[PDB]
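Readers should treat all values here as calculations from the given coordinates under stated rules, not as data from a laboratory. Cβ: placed from backbone, ideal geometry, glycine included. Neighbour counts: every protein chain shown.
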Amino acid sequence: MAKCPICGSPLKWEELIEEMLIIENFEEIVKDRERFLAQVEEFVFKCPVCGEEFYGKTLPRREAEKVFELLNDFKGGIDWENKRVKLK
Ligand SMILES: [Zn+2]
């Protein structure tokens, strides 16, 4: 689970992958954990609760280990044609 550093409202990790699955380079980033964690810290995200932008470099050190879990737990409930992402 992700939290906003401006308002402090709950965010889902399944919504971030589903909204960012519109890029063709994403199929190459999903195979390497070192490129996915470095891209989240360098890129900024928008909050639908407050409206202000938050960076992946200002997030906690325990949530960064949760990103390794989506990359490692591949094949099962992830479809490219139907655009469905599952997190365990
Ligand atoms: Zn917010």
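Tabulated values for the structure
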{"item": "Close pairs from the stretch 46-60: first within 13 Å of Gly8 (Cβ to Cβ), partner within 8 Å of the ligand (Cβ to nearest atom) and of a type in the set (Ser, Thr, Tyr), Cβ under 8 Å, at least 6 apart", "result": "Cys47/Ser9; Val49/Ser9; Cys50/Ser9"}
{"item": "Residue list for the stretch 73-88, restricted to those being surrounded by 12 or more Cβ atoms within 10 Å (Cβ to Cβ) and acidic (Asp, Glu)", "result": "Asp73"}
{"item": "Enumerated helices (runs of 4 or more DSSP H) restricted to the chain, each holding at least 1 residues that are of a type outside the set (S, T, N, Q) and within 16 Å of the ligand (Cβ to nearest atom)", "result": "13-19"}
